Amino acid sequence: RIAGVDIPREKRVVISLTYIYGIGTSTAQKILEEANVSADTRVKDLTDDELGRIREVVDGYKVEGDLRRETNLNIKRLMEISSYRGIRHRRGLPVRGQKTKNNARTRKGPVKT
Amino acid sequence: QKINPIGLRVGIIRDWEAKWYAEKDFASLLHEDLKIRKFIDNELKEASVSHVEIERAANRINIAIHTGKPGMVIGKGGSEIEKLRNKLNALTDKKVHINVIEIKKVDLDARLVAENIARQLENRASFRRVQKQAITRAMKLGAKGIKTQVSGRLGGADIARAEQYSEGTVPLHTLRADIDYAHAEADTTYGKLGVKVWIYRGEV
Amino acid sequence: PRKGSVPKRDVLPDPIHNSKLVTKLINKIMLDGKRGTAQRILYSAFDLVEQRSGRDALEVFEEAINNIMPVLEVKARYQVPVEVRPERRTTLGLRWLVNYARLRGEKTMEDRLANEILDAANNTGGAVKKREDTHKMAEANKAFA
Amino acid sequence: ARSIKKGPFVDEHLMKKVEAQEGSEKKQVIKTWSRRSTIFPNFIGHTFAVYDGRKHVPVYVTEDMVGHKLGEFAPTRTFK
Amino acid sequence: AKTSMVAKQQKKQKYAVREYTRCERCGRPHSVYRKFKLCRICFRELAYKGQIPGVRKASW
Amino acid sequence: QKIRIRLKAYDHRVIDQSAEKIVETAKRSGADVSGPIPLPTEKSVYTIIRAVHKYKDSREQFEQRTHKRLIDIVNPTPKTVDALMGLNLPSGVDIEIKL
Amino acid sequence: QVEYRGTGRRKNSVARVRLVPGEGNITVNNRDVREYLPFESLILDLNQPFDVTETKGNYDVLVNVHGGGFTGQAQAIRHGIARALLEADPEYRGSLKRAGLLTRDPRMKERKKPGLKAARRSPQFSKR
RNA sequence: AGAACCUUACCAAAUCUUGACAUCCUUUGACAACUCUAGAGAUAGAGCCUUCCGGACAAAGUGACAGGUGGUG
RNA sequence: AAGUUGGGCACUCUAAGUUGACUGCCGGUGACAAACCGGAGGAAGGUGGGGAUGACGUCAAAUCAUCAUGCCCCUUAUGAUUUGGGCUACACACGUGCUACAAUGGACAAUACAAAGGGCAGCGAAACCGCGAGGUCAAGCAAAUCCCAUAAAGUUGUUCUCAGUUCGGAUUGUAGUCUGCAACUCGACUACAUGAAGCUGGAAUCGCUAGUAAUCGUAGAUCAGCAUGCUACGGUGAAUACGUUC
Ligand SMILES: [Mg+2]
Ligand SMILES: [Zn+2]
């Protein structure tokens, strides 16, 4: 349990740390190298000092709920300023200049024939 | 549907009409040649200009005009040929040397025959009689085969059609055969009439 | 609309076992031209079956193909039954073997193929079930022959 | 342009028109066709009539609009 | 092509990125080769006439 | 002490005859020539839509092939240089001389 | 010395192959054959001409092979070995020919046709 | 076989009417890249100012005339 | 260190010219014919493999927007210039493709093997800087010389162990690079994070007979920049054709 979130017990530490929101593979490797810990050692077979060092490194990366709040604040700011990206966020359409005549399902939801 | 026979045979048994090489100014040379050819065509309409070859070397342009009426192009005193030389030099900064090649039998030249029949059609002759006489004289002058075609609003009819006449052998699928092809256009009061002529004067 | 029968291809024997059948099984297993992958898979499967049976790999393989090779089939026309050609027998045996092996639940294709050939040698495999169904429907439609 | 090594783009005419009458507090509306001009802090509190294709949409500049283009606040297409 | 458009292409552009190629024989804006400054249609016609040095039909 | 002559031409026939002409001129003038050496031909293919409009699936493929010939003169002489620089080749072939 | 030289071709692969009196070792581009080739089937195919001629292990092979892939180069080497054995003893012609090793496999990659995805594969057709 | 501008043929807005482009006809040049000002520009106002051989060439005015990716395959 | 140079033109290669393949020879089926089958020789055997080449005709098929053109139409506009916006929209239906759903695999490190093209204000080597896309200096090269440009699949080792996952990468946040006067509408790529559907697809339907299909990359035209399209190249490399009932 790191950053208030449980991580798979039987998964290697490097992979299991990716389950933390805001932690991917690159940041997981970087954290693991900063807080010296075997790459292949599973979290279940881990030492309390290693866990404490990992927590110490993680706490300052600005992950999880803080990251979510920052992203939501950015999205809300661009919605509020009445930007083009904000209008597209409100309408649930692609924001990064895709074509909506086809292949916009991940933004427009399921097909409504 | 039919490959242009000249296009099919260029580089196999027919040499290019543009004989030169370039690596950098290919486009400028090509379009200079194109404007030279366009000016020669516009200026020597009356002359039976069968075709024109262009070569360039040592900053010179050698023009070879194969025509059927060399007297008209040269002039009695060389005045016409000198004037043409001067106008080509005006068009192109380079120095142009012009030669004229006589065609003994103008009735065996595809381009000349096409232009003659197109002129007759403009004069409003019979699109059948013109082709018949063309083919007759070409065949009597020893041609192994000839084909003529005229398409468009033949007798002014609203519905355009084509009609063709043939005699002898014209093996358009033989790559050996040196088949002379030409297309011309008559600008009749009803519009464009396209005449095509294929001539096969035999193995050479 | 066909002038007649065309010549048939002839494959070389397996370099190690010297078996046309083995070569054609490797070709069947091969996907996208990965002949090396097919070779390693087949060889690992042969080693696994040899270990698990204490019996010659080629022997058990030949017994499995003999078990899963049919003799009658049915072609739509109602389905009319007809005998199967000797080369069609081998083709169908290998094709069914590979298909049901790929359909097995083992983790790796080598394990799937080994288990499937073992089951076919015991006469209790998916390919055996396929052959049995084919023979049953051929017998059911025997009249239309 | 976008690259940091080049400064944020803005039309010189637009920038000088904004700078003009900066001291006076009776700031007026600035007609502009420059949808591509970036919004600098100098633009805060200004009104730009930005051409969107057929008409000049008025746009009021605030602090949160700094760093964006003037075109991002004058939509061009109409739907429903 | 339009004569005014040909003229606007010939004339100098205030931008430099605003320069585009047109076939110099007919004026077609699309499918113009750089080596010949010709569109595909004019290229085919002149190759058939044999007036493009060294250009012949290909096959292999 | 070598002189390179590079000839390039769209016609292998004309390039071969020009190469023979220059080799003969050099051997007459007296120098010794190693060659001609045929460098790999450079073929540029152009694919055009045959139809004026639509009909994408129908194409026509032209080529321009330039053949390349290399000549090495080993023992140059003033006579050889004068004869090479005075020799006139067919308009088709392009000749470059590197002394 | 006593070198028996020969050339072999397959696809776009050319192997100059030289046979010398030796113990059967094969060197390819200054590398061992069992390292250069990624599979032992290729080595067996290379040795096949020697088995046919009944001179297995009586020659060391030196290969300068470029072009194509590993299979193409292996079969080019086999062709070169067969040609070298021919050069060394004309009596092996019958055995090599029966084995089918003196044949230069003429199969090459078919050009792509315009209007087709590949040499033969055509675009997916849809009536209506 | 290459739509951010151009392309581009469509739309809005700001603009021109021998015209963006061609030939003839009258005058004759220093035309015009270049710097200033106003404009989103196109363009307008004064300078600077540099070319030219019996005439190439290039500017101003007028009338013929130009122009159309407008229709009918 | 290197075919790097001294040397050689053996080999390969390059590209001109030539030889070769014609049912030629032999034996069967066949009406001693044609032809089919098999064999010898040959690198190649049965139009060896492909390309170009497309008759007389059919669809008043497409194109007046490549070009030309009869007639009609506008000419203070249906002509012309410029800035900005459309052509990139989006409750939807269809065609063609790219990416996947995984263990014949994902990730990590090491190490091989192609062919065909392009390069003048263009190909940008090495070196230094940045994790990165890229930036500074800058050699060579108008080409069998230099560069683009280390191919990938593959092979060998470690790890995951059948999980919507170490699969898959859409979606969006932030921060960069590059081209262009200018990436808002509306470029590509890069770093970090986010991590949707999808766990081989109903009716139906498509391509392909061999170096073919399938997979893997590579290059080029257009082009400042922008390719999952198009046109070429090679690497690995199958299955099946009984038959003409439908
Ligand atoms: Mg033919
Ligand atoms: Zn054109």
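Each chain gets a letter, A, B and so on, in the order its sequence line appears, and its residues count up from 1.
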With RNA chain H as reference, determine whether E:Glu19 or F:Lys56 sits nearer its 5' end, using the nearest nucleotide of each. F:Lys56
Nearest-nucleotide comparison on RNA chain H, the residue closer to the 5′ end among E:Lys8 and E:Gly27: E:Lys8
Any base atoms under 4.0 Å from D:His68, or only sugar-phosphate, or nothing? Heavy atoms, all strands. nothing
Can you tell me, in whole Å, how much space there is between the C1' of I:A170 and that of I:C98? 13 Å
Mind checking what makes salt bridge (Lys or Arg N to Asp or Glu O under 4.0 Å) contact with B:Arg9, not counting sequence neighbours? none
Examine the six-membered rings in the bases of I:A40 and I:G41 and report whether their centres are under 5.5 angstrom apart and their planes under 30 degrees. yes
Tell me what G:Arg5 touches on the nucleic acid: a base, only sugar-phosphate, or nothing, going by heavy atoms under 4.0 Å. base
Is the base of I:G122 stacked on the base of I:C123, in that the six-ring centres lie under 5.5 Å apart and the planes are under 30° off? yes
Inspect the surroundings of CZ in D:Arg54 and state if more than 12 heavy atoms from other residues, nucleotides or ligands are less than 6.0 Å away. no
Would you state whether a donor and an acceptor, one from the side chain of G:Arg121 and one from the base of I:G207, lie under 3.5 Å apart? no
Pucker family that the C1'-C2'-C3'-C4' torsion assigns to I:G48: north
If you draw the axis of the six-membered ring of E:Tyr33, does the NZ or CZ of E:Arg40 fall within 45° of it and under 6.0 Å from the ring centre? no
Could one point to a donor on the side chain of D:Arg35 or the base of I:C184 with an acceptor on the other under 3.5 Å away? yes
Contact class for D:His56 (heavy atom, under 4.0 Å): base, sugar-phosphate, or nothing? nothing
Does the pair I:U136/I:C137 satisfy a centre-to-centre distance of less than 5.5 Å between six-membered base rings together with a plane angle of less than 30°? yes
Would you mind classifying the nucleic acid contact of C:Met109 as base, sugar-phosphate or nothing, using non-hydrogen atoms under 4.0 angstrom? base
Set of side chain to side chain contact (heavy atoms under 4.5 Å, CB included) partners for A:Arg12, sequence neighbours left out: A:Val14, A:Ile15, A:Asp40
Under the rule that ring centres be under 5.5 Å apart and planes under 30 degrees, are H:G45 and H:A46 stacked? no
Centres under 5.5 Å and planes under 30° for the six-membered rings of H:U15 and H:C16? yes
